[PDB]
Amino acid sequence: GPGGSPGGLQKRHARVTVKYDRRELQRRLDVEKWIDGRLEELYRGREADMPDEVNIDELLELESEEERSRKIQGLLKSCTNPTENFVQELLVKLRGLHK
């Protein structure tokens, strides 16, 4: 399809965020906070901070859901610099809706 694969954002966002649609209370304010700050100092115009999608253990609730951060870490370590803050700020921002 000419425009059936892509949707709202053209896969050109911070990292595996893709706007985790979960709640519109106070989780979106945090998104713009660390998503733009890091991108401003990571890839202001390199289109590399964006991998492709996101981990699944965050919802699978497997016995070792903690692997969700380690997976996205190396998955982005090739592009986004190694920073537990970015990995944690994401999985922690959705600590009220997702796990």
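### As for the nonpolar core
Step number 1: Listed in full, the eight residues of the largest apolar core are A14, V31, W34, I35, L39, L42, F86 and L90.
Step number 2: Elements that contribute at least two residues to this core include exactly α1 (27-41) and α4 (84-93).
Step number 3: No other element matches α1, which puts four residues into this core.
Step number 4: Ignoring sequence-local partners within four residues, the contact set of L42 consists of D49, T80, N81 and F86.

### So, the pattern of salt bridges
Step number 1: Evaluated as defined, the whole model comprises one salt bridge.
Step number 2: Residues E89 and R38 are paired through a salt bridge, measuring 3.1 Å at the closest nitrogen-oxygen approach. Note that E89 is positioned in helix α4 and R38 in helix α1, a separation of 51 residues in sequence.

### Regarding the packing of α1 against α4
Step number 1: Two elements in contact, α1 and α4, have axes whose closest approach is 10 Å; the angle formed by their N-to-C orientations is 165 degrees. Here α1 lies roughly antiparallel to α4, going by the angle between them. Two packed elements cross with a definite hand, and for α1 against α4 that hand is left-handed. Each of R27, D30, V31, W34, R38 and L39 in α1 lies in contact with α4, whose residues at this interface are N85, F86, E89, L90 and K93.
Step number 2: Across the contact of α1 with α4, the residue classes tally to five nonpolar, one polar and five charged.

### Side note on empty space enclosed by the protein
Step number 1: All told, the structure shown has two cavities of 30 Å³ or more when counted by the stated rule.
Step number 2: Computed from the structure, the largest cavity encloses a volume of approximately 50 Å³.
Step number 3: Along its surface, the largest cavity is lined by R15, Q73, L76, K77, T80, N81, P82, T83, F86 and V87.
Step number 4: Among the elements that take part in the lining of the largest cavity, helix α3 (residues 67-77) stands out by supplying three residues, more than any other.
Step number 5: Looking at the lining of the largest cavity, its residues break down into four nonpolar, four polar and two charged.
Step number 6: Surrounding the second largest cavity, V16, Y20, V54, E58, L90, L91 and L94 form its lining.
Step number 7: Counted by class, the lining of the second largest cavity contains six nonpolar, no polar and one charged residues.

### Considering α4
Step number 1: Buried within α4 we find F86, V87, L90, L91 and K93. Angularly, the buried residues of α4 cover 165 degrees about the axis, an arc narrow enough to put them on a single face.
Step number 2: If you follow the buried residues of α4, they end up packed against α1, α2 (57-60) and α3.

About the thresholds
Residues numbered from 1 in each chain as written, not as in the entry; some residues may be left out. Heavy atoms only, no water. Core = buried A, V, L, I, M, F, W, Y, C linked by side-chain atoms within 4.5 Å. Buried < 20%, exposed > 50% of the residue type's maximum accessible area, 1.4 Å probe, protein only. Helix = DSSP H or I, 4+ residues; strand = E, 2+ residues; numbered from the N terminus. Contact = heavy atoms within 4.5 Å. Salt bridge = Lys/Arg side-chain N within 4 Å of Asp/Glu carboxyl O. Axes fitted to C-alpha atoms, helices over the stretch in contact; angles between N-to-C directions. Parallel < 35°, antiparallel > 145°, perpendicular 65-115°, else oblique. Left-handed = near helix turned anticlockwise from the far one by under 90°. Nonpolar A, V, L, I, M, F, W, Y, C, P; charged D, E, K, R; others polar. 1 Å grid on protein atoms, 1.4 Å probe; cavity = no way out; pocket = protein on both sides within 12 Å on 5 of 7 lines; lining within 4 Å. Points joined across faces, edges and corners; volume = space filled by probe spheres on them. Arc of directions from axis to C-beta.

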